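Each remark here refers to the structure printed beneath this line.
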Amino acid sequence: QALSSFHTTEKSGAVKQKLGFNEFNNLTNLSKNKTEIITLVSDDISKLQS
Amino acid sequence: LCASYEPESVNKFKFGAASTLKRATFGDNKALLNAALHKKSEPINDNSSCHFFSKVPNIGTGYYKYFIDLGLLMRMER
Amino acid sequence: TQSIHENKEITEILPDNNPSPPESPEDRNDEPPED
Amino acid sequence: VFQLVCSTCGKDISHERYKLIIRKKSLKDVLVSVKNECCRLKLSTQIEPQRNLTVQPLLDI
Amino acid sequence: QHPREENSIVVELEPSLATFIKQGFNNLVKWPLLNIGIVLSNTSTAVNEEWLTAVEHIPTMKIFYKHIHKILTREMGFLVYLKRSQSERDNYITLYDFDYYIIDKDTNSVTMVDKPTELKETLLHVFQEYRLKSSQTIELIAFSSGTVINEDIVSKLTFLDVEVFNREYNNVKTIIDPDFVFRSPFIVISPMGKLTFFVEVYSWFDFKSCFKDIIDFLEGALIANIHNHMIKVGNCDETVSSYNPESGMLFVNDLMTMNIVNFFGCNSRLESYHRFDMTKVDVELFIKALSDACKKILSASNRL
Amino acid sequence: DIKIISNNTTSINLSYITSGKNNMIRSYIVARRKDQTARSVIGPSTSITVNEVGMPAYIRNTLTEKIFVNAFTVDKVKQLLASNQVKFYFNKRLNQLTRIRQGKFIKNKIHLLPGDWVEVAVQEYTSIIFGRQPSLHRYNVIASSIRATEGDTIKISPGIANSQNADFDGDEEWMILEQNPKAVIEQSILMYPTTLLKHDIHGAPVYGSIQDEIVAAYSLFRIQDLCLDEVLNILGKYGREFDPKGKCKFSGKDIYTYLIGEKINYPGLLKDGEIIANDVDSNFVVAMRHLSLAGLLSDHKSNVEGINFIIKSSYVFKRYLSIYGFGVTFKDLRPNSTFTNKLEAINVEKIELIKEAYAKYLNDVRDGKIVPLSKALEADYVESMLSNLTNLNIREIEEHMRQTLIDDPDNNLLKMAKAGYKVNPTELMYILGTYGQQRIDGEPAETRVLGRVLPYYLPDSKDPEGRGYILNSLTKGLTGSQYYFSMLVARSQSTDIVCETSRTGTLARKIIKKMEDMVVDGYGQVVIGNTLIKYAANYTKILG
Amino acid sequence: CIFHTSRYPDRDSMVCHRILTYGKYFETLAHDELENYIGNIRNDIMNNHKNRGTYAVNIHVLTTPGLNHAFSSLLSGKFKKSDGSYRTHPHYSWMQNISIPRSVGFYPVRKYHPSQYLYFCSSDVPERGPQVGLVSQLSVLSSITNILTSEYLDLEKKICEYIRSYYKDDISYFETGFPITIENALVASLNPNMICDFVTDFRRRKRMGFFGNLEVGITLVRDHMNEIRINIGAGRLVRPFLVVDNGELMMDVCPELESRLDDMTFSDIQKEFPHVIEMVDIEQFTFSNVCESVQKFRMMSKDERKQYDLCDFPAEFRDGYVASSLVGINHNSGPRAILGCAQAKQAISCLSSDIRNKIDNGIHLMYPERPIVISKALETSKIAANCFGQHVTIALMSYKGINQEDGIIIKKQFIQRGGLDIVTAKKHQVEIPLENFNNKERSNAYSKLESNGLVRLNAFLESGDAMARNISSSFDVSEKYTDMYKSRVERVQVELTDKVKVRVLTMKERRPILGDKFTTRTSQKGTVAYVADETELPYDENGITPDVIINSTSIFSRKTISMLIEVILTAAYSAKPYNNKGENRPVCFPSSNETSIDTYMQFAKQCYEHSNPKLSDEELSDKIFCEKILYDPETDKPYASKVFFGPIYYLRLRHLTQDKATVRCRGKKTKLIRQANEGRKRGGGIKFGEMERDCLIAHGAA
Amino acid sequence: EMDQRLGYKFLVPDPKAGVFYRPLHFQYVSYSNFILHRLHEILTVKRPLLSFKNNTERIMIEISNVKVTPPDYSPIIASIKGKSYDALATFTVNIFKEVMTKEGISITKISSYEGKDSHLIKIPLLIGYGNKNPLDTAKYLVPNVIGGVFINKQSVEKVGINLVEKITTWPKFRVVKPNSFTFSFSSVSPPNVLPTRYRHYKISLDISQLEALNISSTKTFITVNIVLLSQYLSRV
Ligand SMILES: [Mg+2]
Ligand SMILES: [Zn+2]
């Protein structure tokens with residue numbers, strides 16, 4: 001997949017987890033002391049708005 | 001990765017009881033010296049250890065142990 | 001093309017071009033410090 | 001200006017080659033009697049390379 | 001008119017018979033190439049290989065046109081000899097500068113043949129500027145594909161220096177390929193039973209006689225081959241064409257069988273089974289058709 | 001160890017053995033150079049099946065194979081010695097190797113006791129290990145039967161090309177020959193291609209047809225009015241057992257039914273051994289696909305049947321190609337200049353409309369009529385307009401394809417499109433339509449000096465064409481600046497490819513080393529060392 | 001730049017760099033060595049005075065300047081911290097003599113910066129290796145400036161005099177003006193209200209030769225940096241541009257030029273028609289407004305025209321000389337262009353006029369042909385007159401499913417007659433102690449040796465032969481020929497001294513065989529997969545069988561459209577290859593075409609109509625599109641549809657099978673570890689890597 | 001189509017301006033400028049080496065009589081025989097003490113050397129167009145030869161590329177860290193100043209410390225506030 005340019009980069013306005021080799025390497029390394037992408041889901045939108 | 005009680009990276013042999021020759025083949029460059037210092041005694045089961053000493057890996061056909069039964073041959077007479 | 005069991009399709013990832021096999025190898029203070 | 005036949009169909013093109021290179025006739029007049037595409041291209045685009053004389057002797061001590 | 005003119009001869013026949021004649025011509029009519037080449041002296045601006053490959057494909061049939069039959073049966077051979085140096089005027093090499101010898105191949109006689117004057121207007125090589133001080137010369141000899149080089153033939157080369165020939169031949173002999181090398185004298189096709197010959201007519205000799213000799217040779221060889229054709233009537237071994245009466249099935253795996261059975265109503269390819277009745281095959285009818293076709297070919301050629 | 005005090009990494013000392021990537025262990029213990037090896041360029045052959053490999057003469061005359069001396073083979077060895085065919089002799093009781101010459105040795109030096117062996121020229125149908133590099137997965141290294149061939153290239157069947165990622169533009173492959181009896185048995189059974197038919201994880205076959213064969217398949221299933229002779233001409237050497245039950249006209253469906261010599265049902269594809277789908281496409285006859293007929297045959301009986309179907313179907317496909325031919329011409333792509341001119345005019349109008357809309361908005365903002373947008377939002381609006389134009393071109397190409405299929409049903413290019421091989425509306429859009437927006441890192445090129453990219457545009461230019469939107473098609477021909485943007489994309493791709501080639505190997509080696517010692521124990525459990533990883537191997541205790 | 005970083009010239013920009021040519025290497029080395037020489041002399045004199053008296057200068061220090069070693073090291077490939085300045089010339093092509101001297105390297109940046117456009121070729125760059133994105137190629141219209149010291153001084157003096165004379169009252173602002181610099185030397189500060197005039201009046205004077213040099217660069221930076229920069233130094237890139245003066249294209253207001261252009265040279269145009277062409281360097285270009293083409297200029301309103309300073313030349317002048325070998329590269333994908341540039345240098349050509357004299361490695365084409373579908377650059381550089389291929393007939397079809405995955409079918413009679421035949425030449429060299437050369441003992445390796453201990457002329461060497469007698473004293477220790485094919489001894493040269501030095505030149509002709517590599521000018525490369533006999537090939541109604549068969553699917557899956565066009569044009573040339581005056585007439589199909597396909601079709605139609613005035617519409621269409629009905633040789637029946645069939649210029653690459661073959665049975669070992677040795681020329685083995693080991697463990701074969 | 005003709009006109013040879021082969025012309029001149037002119041200027045020096053007393057007792061070294069000559073054989077002879085293709089350069093050196101006297105100048109020779117007959121310097125020679133070198137003004141051109149190569153000691157042909165200079169013409173900007181920037185540039189003497197002198201300056205700015213906006217170098221200049229330096233230099 002890396003050598004045939006299967007994945008194409010995209011621009012986004014919100015935090016996303018990326019695709020491709022780099023993300024897999026990051027996952028395997030398990031480096032500490034970094035920011036993590038916390039997701040919050042609900043059905044009452046006030047709790048998210050705050 | 002979560003075989004122990006805590007996650008473990010793929011760059012380090014931290015919780016797994018890897019052999020000294022396994023570490024050396026992985027690329028440690030100092031495992032042998034530490035083993036000498038700590039006086040470690042190890043068995044020979046890994047693929048790396050078996051390759052070092054010219055033994056058959058415990059993989060596939062080599063996963064078993066073979067004998068030869070001489071009972072029938074010794075029951076024949078010329 | 002047609003679709004029969006599209007929910008179990010398998011995608012092909014094979015580069016069209018690959019690199020050919022490798023062949024046998026065969027003071028005036030006049031530069032910036034570059035800190 | 002060296003091969004005596006067409007490399008594609010094997011026809012004989014030596015007479016036209018003489019008519020072109022030595023008598024220096026027009027390419028049109030030369031090709032008047034050649035029909036196959038390969039032969040026309042060969043008679044129009046083939047050259048003898050530029051080369052110097054050979055240094056002699058070939059074995060020198 | 002021109003020294004050389006391109007012409008076509010066209011005849012209409014049964015598709016299978018036309019294909020049979022075309023493939024027979026392409027298989028049995030072989031003109032030998034001058035591929036046994038030795039360069040004795042080369043102080044020109046071209047390497048040995050260029051001279052040799054250029055000379056291997058000299059169109060010799062327009063010089064030896066009086067000995068077509070024996071050359072085709074391989075009872076006779078030929079050779080060419082060149083020796084040419086730079087000069088002030090006419091600083092180039094034509095096909096008139098060679099010498100052409102016919103080899104009897106029975107008594108190993110080597111006899112010189114006549115040269116047409118038209119050959120003076122052909123081109124092979126153009127020398128560089130003429131310098132009297134330096135040397136610029138070429139000398140070489142070439143034999144046709146079937147010749148065998150032994151002392152018997154070499155003793156007959158009275159126009160050479162034998163020692164130089166021996167040395168140079170011992171130098172080159174290891175790269176000369178051992179098998180027979182030939183060419184097809186003209187082009188023959190048959191798109192849909194329309195048999196066409198693409199040929200070249202030269203000014204200094206009659207083309208009809210040469211065409212007749214080639215056609216007679218071909219007809220004789222084809223008739224003999226047809227007479228010596230046998231189809232195995234056992235089981236199928238997937239190697240040769242055969243017939244199974246138990247199932248009544250013919251396995252076609254060669255060209256002559258294909259052409260004949262198609263002549264008698266089949267539609268076969270070259271590795272295939274077909275339900276064919278072998279009693280419909282009548283060799284004498286096929287031979288009569290072949291003879292009539294050859295007569296028609298000669299009639300067509302006569303009206304050029 | 002000089003590095004304790006100094007910082008130079010070139011001096012030789014004891015630690016040099018374990019310096020870095022060039023250890024002694026990882027360059028001479030788990031790897032080495034061998035004696036019975038060869039390497040050469042590869043090529044295709046139609047006389048070789050997936051089980052066999054063709055060997056050049058210059059290799060056959062150098063490599064040698066071992067014959068052991070025992071009660072079964074002693075007389076043959078004596079005969080070989082008599083015929084001057086033995087090249088080496090090994091005396092096991094002295095551990096002594098002798099180079100048996102050709103009339104330049106002794107016959108008495110040979111005594112042929114049991115346990116000795118002799119080495120002769122390699123013989124046909126001997127299994128040899130061979131492969132291609134880089135060896136990314138199991139199928140790059142396999143053991144196949146030797147067949148004599150011509151030339152100086154190693155000949156392979158095109159049926160295994162994908163499993164190795166190989167082609168014939170200059171690739172090379174390597175060969176090794178191990179003749180220990182245990183290794184011989186294991187090569188004959190475990191590494192035989194017929195045993196590797198189904199992929200380990202997803203289970204699809206790893207061998208199949210390629211390129212023009214696909215089209216042939218698609219065409220063969222559609223031919224309608226054939227007499228018996230034409231059917232047999234197609235079938236070739238497999239037509240002996242064909243049964244013309246009572247018919248006089250045959251279809252391609254009849255041929256496919258004959259090839260599938262089984263009465264099996266599978267929802268979708270088959271019913272009573274007959275194809276009930278509308279057409280035959282790449283998913284049917286190509287490797288790694290989810291609808292392969294060889295896969296169904298293997299599931300029904302065994303891998304032998306699958307390999308047989310692959311070989312036979314490839315044979316008949318190539319006979320169809322030999323009989324009917326196949327070729328794409330220029331008149332298939334651009335018969336005349338009507339459609340291209342129409343689409344060109346459409347593009348020329350639409351781009352100008354977009355520019356006028358943008359200019360109107362800019363002029364309104366430049367005066368006190370509306371508050372301007374953010375940079376991101378403005379970019380988004382412009383991008384949306386350009387994407388709408390690109391989709392308009394896509395729809396035009398699709399409609400043209402449909403209409404051409406109606407008017408000219410025998411279009412080779414549309415045959416390739418239908419069969420499922422490399423042709424689709426997007427590629428045709430590039431060739432005949434528009435080239436579209438060029439992006440780096442998901443965004444157009446950045447401005448650099450005067451708020452622009454090239455000096456062909458004014459400072460602070462807002463023109464979209466000046467930031468990488470290409471209007472022309474390949475048939476029309478790109479201009480200089482459009483060409484710049486295209487080459488920007490291409491060269492960035494190549495550089496990224498080189499860097500990723502560097503990194504992926506390191507990660508792959510680390511992963512392989514980590515998981516290498518995880519196996520299935522004697523009770524169908526997955527364990528590593530002395531720890532239990534999983535109770536049931538594949539959740540089923542069945543082969544994956 | 002602190003506040004607007006993106007608008008300030010980046011460090012990788014070509015705006016802020018200059019380039020070294022051949023002369024500058026030697027100049028710098030001479031400078032350094034002279035300084036070291038004088039320093040050593042000073043140290044020696046100081047030491048002698050310290051120890052002895054009278055200030056005596058030791059000899060042997062003022063006789064070794066040290067330049068010889070510096071120049072030798074330079075030619076070896078060492079120059080400060082760079083190691084690519086010079087190299088041994090690999091004699092692959094005749095065009096390499098142009099390609100290598102015109103390259104520019106950068107220190108280790110791999111992205112395609114916008115400032116390299118129009119001055120370097122866009123497509124000619126390395127595609128793999130460590131040099132990826134670090135070597136660029138000049139365009140055909142680019143160059144690098146030179147200037148002498150005296151000329152430098154005269155030009156600078158003239159510029160200063162002009163500035164100080166014509167603007168006496170308005171060059172002393174210093175607070176709200178534009179500083180004027182000459183080679184970064186501030187010499188004045190101009191009144192802002194007069195900047196534009198100063199530049200315009202300046203440039204006009206530059207074009208008339210008022211300063212004695214037509215390559216002076218003047219840049220007007222105005223974003224907010226507000227500077228006027230004048231450059232005269234050497235090492236700058238310069239191109240000719242068309243001039244736009246006050247919203248007016250000068251080329252269009254010079255009627256006499258069209259009539260007189262035929263008999264004038266470039267400098268004559270500059271001298272007699274100034275203001276039509278201006279020589280502009282890269283920095284000045286980056287800050288100007290340039291119209292992309294004349295046609296686009298003529299479509300603008302006068303108000304729009306008034307904003308532009310220059311107008312550019314057609315696109316075919318933005319390619320290198322290597323890229324000019326290809327055809328219509330702008331009708332294909334870019335990666336194909338990169339590959340085509342990479343392989344065009346590996347095609348075999350008429351390498352040297354001294355084929356029989358020079359003792360060197362090389363490969364030579366035997367019966368060359370001159371291409372006739374070309375660009376002007378290929379004609380002026382002489383790349384076309386030295387040939388790199390031959391015209392062959394091709395058919396685009398599938399042949400029995402054999403020609404797959406880039407394999408090709410080739411005809412046997414075409415190879416026999418000399419088709420794409422080459423000769424490879426190699427150089428061998430040995431040094432022998434005199435006693436061993438004269439030693440008197442016949443080993444089996446000395447079969448080709450004459451009585452004088454030297455190999456015989458015109459003999460063929462084998463894989464175990466020696467070229468000169470070398471006996472160590474009763475043992476033979478001579479080196480051996482180690483190629484799997486034979487070669488003919490063409491030349492032998494010997495030098496007698498304390499030692500004996502022997503050099504030998506050998507040649508071998510190599511007709512195509514299985515595995516040999518060919519390609520077209522659109523990057524369609526393939527190896528030989530089958531050698532078909534003339535009687536096993538499809539033929540047309542004229543009895544012509546193709547010399548090469550290539551699978552058609554790759555043409556449309558890779559989108560190499562130009563290839564098709566090439567064939568059509570070539571066919572047209574064969575129908576009518578001469579002007580209305582009867583002179584040979586090549587067809588211009590430049591890379592970066594810019595001409596319409598319809599015009600090419602019309603030209604081809606006219607050619608055919610001239611050839612055969614009586615053709616039906618269907619026949620004319622078939623000829624124009626190069627379509628024919630082909631027949632099966634086995635059955636003599638047509639195929640289903642028509643095939644693409646025609647002539648094309650075809651190339652042979654230098655990758656040959658027998659140069660890559662290798663095999664080992666038994667041999668030497670490495671002493672320390674006792675394993676097989678390495679080196680194809682030393683009979684080494686193939687390495688069994690640990691990835692193969694992983695694969696074998698994946699099979700379960702312990 | 002006039003622009004196409006004008007473009008073509010630049011690619012053809014231009015005998016009036018001495019351009020016989022455009023593609024490599026700029027290289028030929030680049031060498032003809034060095035071997036003929038710049039070498040003489042670099043070598044011909046007259047400089048003090050040591051000084052004593054007070055500018056009245058100093059040793060002087062002078063170099064003069066620079067001559068360069070080409071070989072006596074064609075490059076083909078060099079290739080065949082195995083020789084090398086180099087030009088020979090020779091010069092004379094004088095070392096002498098000078099004492100300043102009210103009567104004028106006092107000269108006392110100490111040493112002098114010459115290389116009239118010696119391989120004092122061997123400079124590789126460029127083959128050039130037509131197998132023709134700048135030193136030899138012959139009148140025969142070998143056709144189909146464009147040159148551009150050198151022949152080294154071992155009779156091996158060499159070829160080289162162009163390289164980008166390390167000294168830029170615009171100052172380099174760099175973000176040392178958040179709100180801390182640097183700006184470095186260089187100064188070099190004009191061509192006609194032998195030996196050439198170099199200086200490398202850096203300006204450092206930091207938002208947190210605006211009183212330390214400082215220009216500096218390494219052991220060649222003081223660390224001073226740039227505004228005050230400009231005040232000193234321009235008196236404003
Ligand atoms: Mg490849
Ligand atoms: Zn021809």
Side-chain angles (χ1 to χ4, degrees), chain A residues 3-4, chain C residues 14-23, chain D residues 3-17 30-31 33-46, chain E residues 4 6 57 59 183-184 186-187 198-200, chain F residues 40-44 132-134 140 153-154 156 158 161-162 164-173 210-211 497, chain G residues 127-128 335 339 342-343 367 369 390-394 404-408 411 413-414 416-419 515 517-519 523-529 534 539-540 542-547 554 558 570-571 574-575 577 645-647 653 655 660:
Chain A
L3 297 192
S4 74
Chain C
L14 291 176
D16 176 65
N17 187 87
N18 290 268
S20 299
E23 293 181 343
Chain D
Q3 279 170 329
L4 296 152
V5 298
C6 180
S7 316
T8 287
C9 68
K11 271 192 166 59
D12 177 4
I13 60 179
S14 49
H15 295 262
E16 281 75 11
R17 197 181 287 293
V30 169
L31 294 183
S33 66
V34 182
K35 177 173 182 177
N36 281 343
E37 181 189 45
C38 46
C39 309
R40 297 167 74 84
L41 275 178
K42 295 289 150 59
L43 279 168
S44 302
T45 64
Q46 268 182 355
Chain E
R4 184 197 68 113
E6 308 177 339
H57 296 274
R183 62 156 297 181
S184 182
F186 22 83
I187 298 176
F198 301 107
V199 310
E200 298 169 350
Chain F
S40 189
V41 177
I42 57 173
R132 180 177 173 280
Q133 284 173 317
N140 280 95
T153 53
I154 292 169
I156 62 165
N162 287 353
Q164 301 182 325
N165 189 21
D167 55 4
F168 311 115
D169 63 0
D171 297 27
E172 298 179 8
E173 284 188 350
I210 59 175
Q211 193 172 341
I497 274 175
Chain G
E127 64 282 352
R128 56 195 174 94
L339 299 179
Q343 57 193 232
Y367 299 101
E369 285 189 54
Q390 290 179 356
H391 287 115
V392 312
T393 301
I394 69 171
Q404 286 180 331
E405 301 287 322
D406 308 317
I408 66 173
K411 180 164 63 175
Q413 283 64 355
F414 172 75
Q416 282 180 336
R417 289 188 266 252
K517 209 172 172 182
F518 299 71
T519 183
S523 66
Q524 287 288 349
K525 59 174 179 178
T527 57
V528 179
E534 192 177 48
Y539 58 93
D540 68 358
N542 300 298
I544 308 300
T545 49
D547 301 325
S554 45
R558 286 167 187 166
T570 313
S574 186
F645 184 94
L653 306 187
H655 297 278
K660 306 168 183 296

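Values below: all heavy atoms of this structure, side chains included; hydrogens, waters and symmetry mates excluded. In listed order, ligands and their atoms are each counted from 1. Residue numbers start from 1 in every chain, and the chains themselves are labelled A, B, ... in the order their sequence lines are given, proteins ahead of strands.
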Give, rounded to 10 degrees, the angle between SG (D:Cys9) and SG (D:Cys6) as seen from the Zn ion (ligand 2). 110°
Can you measure from CD (F:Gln164) to CD (F:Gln133) and round to the nearest 0.5 angstrom? 11.5 Å
So that I can check it, does any N, O or S atom in F:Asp169 come closer than 2.8 Å to the Mg ion (ligand 1)? yes
Can you name the N/O/S atom of F:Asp171 that is nearest the Mg ion (ligand 1)? OD1
Can you tell if the side chain of G:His655 reaches within under 4.5 Å of the side chain of C:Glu23, non-hydrogen atoms only? yes
Taking the Mg ion (ligand 1) as the reference point, name the nearest N/O/S atom of F:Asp167. OD1
If you round to the nearest 0.5 Å, how far is OG1 of G:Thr570 from NE2 of G:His391? 6.0 Å
So, taking the atom named CZ in F:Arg132 and the one named CG in C:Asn18, what distance separates them when rounded to the nearest 0.5 Å? 5.5 Å
